[PDB]
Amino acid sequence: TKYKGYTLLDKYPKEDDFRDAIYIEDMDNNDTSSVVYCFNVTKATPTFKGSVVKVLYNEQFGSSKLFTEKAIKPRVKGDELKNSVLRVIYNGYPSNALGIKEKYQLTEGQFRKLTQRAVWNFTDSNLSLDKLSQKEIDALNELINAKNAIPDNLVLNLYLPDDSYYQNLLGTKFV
């Protein structure tokens, strides 16, 4: 089963400052699209949904070995990385385990943007506060610093592209 990755550049309003909403969709139909996040800030996002270029991906169970091999400047390695990232997805958009969205009155788009940035904090040692208001900065700090308990069962898929010019993508549906 191949997957296609793509962006919806017009999904969120201008005020969210967030065009790169990435989705993954299987090539065989029955199922629908799923939110994913870019795992590599220095690589290219997939093309837009209407693009003539379709960027193709393979699905893999994300392990410690694998998250570490695919992260480019990871802030931490092994299990500490797997856990940090699983926790970001669990607390971030759309899961929202801590109620961070409602605590800082974020729009869906802002929350997703912040989740993307938190992922990058761990995978690329890159925390960008660029163009964020104070409440966005506070939410983003709560996200990367949270040390809450997560279920033991959790696994996410990593989507690996045919062409390594493009980012690896991290799923948000726990298996």
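The first residue of the shown sequence is 1; numbering continues from there.
Q: On average, which has the higher Cα B-factor in the deposited entry, 54-62 or 33-41?
A: It is 54-62 that shows the higher mean C-alpha B-factor.
Q: Please work out which of 147-155 and 11-19 has the higher mean CA B-factor as recorded in the PDB entry.
A: Per the PDB entry, the higher value belongs to 147-155.
Q: Could you look up the Cα B-factor of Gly92 in the entry and say which third of the chain it sits in: lowest, middle or highest?
A: According to the entry, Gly92 has a C-alpha B-factor in the chain's lowest third.
Q: Give the position of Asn121 by CA B-factor within its chain, expressed as the lowest, middle or highest third.
A: Its C-alpha B-factor, which the entry lists for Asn121, ranks in the lowest third among residues of this chain.
Q: What third of the chain, by the recorded C-alpha B-factor, contains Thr68?
A: Middle third of the chain for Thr68's C-alpha B-factor.
Q: By the recorded C-alpha temperature factor, relative to the other modelled residues in its chain, which third is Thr47 in?
A: Within its chain, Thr47 is a lowest-third residue by C-alpha B-factor, going by the deposited values.
Q: Split the chain's modelled residues into thirds by Cα B-factor; is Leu132 in the lowest, middle or highest one?
A: Middle third, going by the recorded CA B-factors of the chain.
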